[PDB]
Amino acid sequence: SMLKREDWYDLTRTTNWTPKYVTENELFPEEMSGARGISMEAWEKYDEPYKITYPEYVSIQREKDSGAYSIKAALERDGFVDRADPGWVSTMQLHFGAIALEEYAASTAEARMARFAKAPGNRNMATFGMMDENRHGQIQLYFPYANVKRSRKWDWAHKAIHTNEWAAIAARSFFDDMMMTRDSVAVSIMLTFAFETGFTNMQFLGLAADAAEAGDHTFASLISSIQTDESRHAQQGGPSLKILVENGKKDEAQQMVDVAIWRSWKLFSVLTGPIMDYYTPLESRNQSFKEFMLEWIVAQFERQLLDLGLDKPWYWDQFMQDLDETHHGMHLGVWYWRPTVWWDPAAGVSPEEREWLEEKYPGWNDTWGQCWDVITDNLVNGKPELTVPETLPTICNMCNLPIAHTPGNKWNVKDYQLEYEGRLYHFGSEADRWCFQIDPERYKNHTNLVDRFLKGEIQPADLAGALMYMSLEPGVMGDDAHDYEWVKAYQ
């Protein structure tokens, strides 16, 4: 016979001891551990709600991969990617290039907690988290790998984060700030709670669903399986949050959440918004990016924050409004600057689409529809050279994303500047600037693409030089997804 898991589980996490040959601070340095005055005994209250043991882990995961890799191989010589909508294909290349290596990097984020968390249970769950991310990184390199011969763009599933292409810099700016350069407790708050539980867990669910609609059962299965692993480690932040509130650290906890959520939002608006609102065919659009956010992200955050006795972010009112524009700018920005990304941005501004955008968003054509009105005319009046840039867009020093807001009649684009120690910074939002001011020494000497351009680090100092600096060349350089097919509609 065998024991019931409940009878011996606590012993797997009864591993803390009183150091003697070295001091507690030496063994657990604050910069890595982040115990924040809270004692070892107090941290031991940490108790993950979802429990699992080694034998169970290797057994379940073995099965998940058997299925996933089996699906992939069965549909391998089917070449769906070929006869699939350019909007979808482009969606995948964007996903992989931005996520593969970051998934892997997260394995080190977990490893950070596995070694330096004073909470024994967090240390073990982080070890499983470490293995989860090791999996995601590998499986999301193995899958796109099947398409390297169809286009060099697929090579970016591995190369993107190794370049200085703006989106890559944006991705790294976020991740390094949330999970790679923060102490153990901070990581559980900002990555596992704020980002993995708050966004990616439900996101991946929709991606998998949408991928299913598209007819890509290989990619659908991929994301479905990976998503089932998320909760297992995403759970690590709640307990840390209770411990901090439980003790005298509610404020410190409060802003990590404030900061982490905004930053997750910014990066989220450029990579997910454009996707379900423009790259997705019209007859396959369930709800709008705004609808999706309110019903699957906004609500949960409110519920969650409530249960942990935390307050809604100070910027929450503004954040709620931006759901009506931010991802619209980000999109237009990416499509306009289409040759500077590794995937083909879709316009998604056909007659029907443009109205769809009007139903979901009040007065879209009176603002966003404007800019698109022009661009569409130039393409109708054979002047394609006016739909691409000849200059760099101003960049937010925090999210390293273009500073863009409401256009057209209801114009409102703003720039929340800030001068600190003989230097002028630019932020595409009030929250973005705030993230900077609450801790300057952390972002101070960093520099976005523009700062580098102005310092002479991009040479030659012209378009061709910037392209070569971002490691981009024809073949991978972006252009309109449907090859401008959507123009024949306007003559």
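For every residue, the number given is its place in the sequence shown, counted from 1.
J.: According to the deposited model, is the average Cα temperature factor higher in 122-130 or in 393-401?
T.: Comparing averages over the C-alpha atoms only gives 393-401.
J.: Which is higher on average in the deposited entry, the C-alpha temperature factors of 134-142 or of 254-262?
T.: Looking at the recorded C-alpha B-factors, 254-262 comes out higher on average.
J.: Based on the PDB record, which member of 388, 222, 171, 160 exhibits the highest Cα temperature factor?
T.: Spelled out: the listed residue with the top C-alpha B-factor is 388.
J.: For the listed residues 232, 152, 112, 383, which one has the largest C-alpha B-factor as given in the deposited model?
T.: Of the options given, 383 has the highest CA B-factor in the PDB entry.
J.: If you rank every modelled residue in this chain by C-alpha B factor, which third holds residue 481: lowest, middle or highest?
T.: According to the entry, residue 481 has a C-alpha B-factor in the chain's highest third.
J.: Looking at the temperature factor on the CA atom of residue 206, which third of the chain's modelled residues does it land in?
T.: Within its chain, residue 206 is a middle-third residue by C-alpha B-factor, going by the deposited values.
J.: Taking only the Cα B-factors deposited for this chain, tell me whether residue 95 sits in the lowest, middle or highest third.
T.: Its C-alpha B-factor belongs to the lowest third of this chain's values.
J.: Considering only modelled residues of the same chain, in which third does the CA B-factor of residue 165 rank: lowest, middle or highest?
T.: Answer is middle: the recorded C-alpha B-factor places it there.
J.: Among the modelled residues of this chain, does the Cα B factor of residue 289 put it in the lowest, middle or highest third?
T.: Residue 289: CA B-factor falls in the highest third of its chain.
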